[PDB]
Every structure is written in structure tokens, then in C-alpha cells.
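Presented below is the structure to which this report refers.
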Amino acid sequence: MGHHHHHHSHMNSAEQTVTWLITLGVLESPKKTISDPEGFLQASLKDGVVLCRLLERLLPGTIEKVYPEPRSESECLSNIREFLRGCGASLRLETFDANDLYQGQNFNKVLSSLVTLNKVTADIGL
Numbered sequence: 001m002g003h004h005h006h007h008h009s010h011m012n013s014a015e016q017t018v019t020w021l022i023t024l025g026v027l028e029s030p031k032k033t034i035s036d037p038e039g040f041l042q043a044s045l046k047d048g049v050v051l052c053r054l055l056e057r058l059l060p061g062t063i064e065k066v067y068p069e070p071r072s073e074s075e076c077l078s079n080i081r082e083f084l085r086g087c088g089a090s091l092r093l094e095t096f097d098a099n100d101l102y103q104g105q106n107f108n109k110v111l112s113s114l115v116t117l118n119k120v121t122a123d124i125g126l
């Protein structure tokens, strides 16, 4: 096995995001190795709550109201909508549709939004 330590693999767009959510204290630490990083993200972010904490750890006081326990469909969509609220208004970055995350349609857009959220906050120099 010829490991060439000059050219090593790099953590993918999803891997950095998972770790990013954990260090910000908005997502819990996994009990195992994450086989599906993007899938794990979608299932965890589906209810919006994690994204609400995410935005409140970067822009503290942007989420007007979050449902820590969303019973109704519109409640989950509202939590995601609050995330889109701040990221679309204050930051004005790559936004997506609540249906993409909640119904697991186009996660590629959701991940792009998360990565961009890291890009803009890095640009601030946090």
C-alpha cells in the first residue's frame, strides 16, 4: 500500500459542514462513523431547529421565532424559513426552498447555502 503523503484526499463539502455544526454547538456528536454525511445532515436539519441555532450562533438575534418541537408541517417549514429569513435578508447569500430540505428534494442547494454561510462568516473573520 503506497500511501503518497504529498497528495492526500480532502474532506468533502458535507464533511466540513457536519463538523462545523458540531463545533458551533448546534448539532450533536455522532455515536458512530458517518457513512452518509449529506444524508445525516438532511435528516438532522429537516425540522429547521438545528438551522435556527446555527444562524443564532453566527448572527445572534436574527431568528424571530423557532419551534423547538414542530408538530405541524408548516412549523418545520417555518423553522427553515427563519433560517432563509436571516441568510436571505442580512447576509443575502445562496438561498433554497424549505421543500428541498424538508422533503429531501435538492440537497445540493441546501449544502451550497450551508457552505456559503461558512464562507460569509469566515469573510467576517470569526
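For the sequence shown, PDB author numbering assigns the number 1 to the initial residue and increments by one for each residue that follows. Yeah, the Cβ is synthetic: ideal placement off N, Cα and C, and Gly gets one too.
Straight through space, the alpha carbons of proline 30 and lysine 46 are spaced by roughly 17 Å. At a Cβ-Cβ threshold of 8 Å, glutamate 82 and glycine 48 count as neighbours. When secondary structure is reduced to three states using DSSP, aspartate 123 falls in the helix class. Taken in chain order, no unbroken stretch of beta strand (DSSP E) lies wholly in the segment 36-107 with a span of 3 residues or more. Collapsing the DSSP output to three states places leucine 27 in coil. Under the three-state reduction of DSSP, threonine 33 is assigned to coil, being neither helix nor strand. Separation of the CB atoms of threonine 17 and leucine 55 is rounded to 14 Å, and the pair is thereby denied contact status at 8 Å.
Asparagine 118 sits in a helix when the DSSP states are folded into three classes.
Counting C-beta atoms within 10 angstroms of its own C-beta, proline 68 has fewer than 16 neighbours from the protein chains shown and is therefore classed as exposed.
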